[PDB]
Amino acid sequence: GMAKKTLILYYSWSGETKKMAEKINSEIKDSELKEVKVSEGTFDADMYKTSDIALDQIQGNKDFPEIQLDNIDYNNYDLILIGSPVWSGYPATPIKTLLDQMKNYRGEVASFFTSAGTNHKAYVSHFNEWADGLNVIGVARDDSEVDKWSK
């Protein structure tokens, strides 16, 4: 059918997912790319401190983080690709806030993740939870399923 008008959104703590999002942007004709940020002080330069902050959000003890991103009408797109690192089998916590803000999006969603190779099944299942109510068509590592998602 008609080419899917595609938005690529990503959160990146150490820059790897940003590079992947840029690569996917280059692969998908006319795609738009937008970064999701959090304020300085939300996490930490130290990965173990960052993990512990995310965990306390996951466990319900601290609120999920507020995010900063451009104003977007999500219903301008057919497909929204959401990029994140894998954080102990979950997407990064800013993604939960993002997905909540996308509540009224009627199109297709997929997530690409970057990782060091582990806890992928958990990422998939948790992403789908966090995206409940949205039409999730797939979750995959890197750009491995970009072609599939485009059809």
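Residue numbers run from 1 along the displayed sequence.
- The stretch with the higher mean CA B factor, choosing between 39-47 and 109-117, is 39-47.
- The PDB entry reports B-factors from which the mean C-alpha value can be compared for 55-63 and 93-101; the larger average falls on 55-63.
- Comparing the listed residues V86, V124, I82, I28, the entry records the largest Cα B-factor for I28.
- Among the modelled residues of its chain, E16 has a C-alpha B-factor that falls in the middle third according to the deposited record.
- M2 sits in the highest third of its chain by CA B factor, as recorded in the PDB entry.
- In this PDB entry, the Cα temperature factor of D143 sits in the middle third of its chain's modelled residues.
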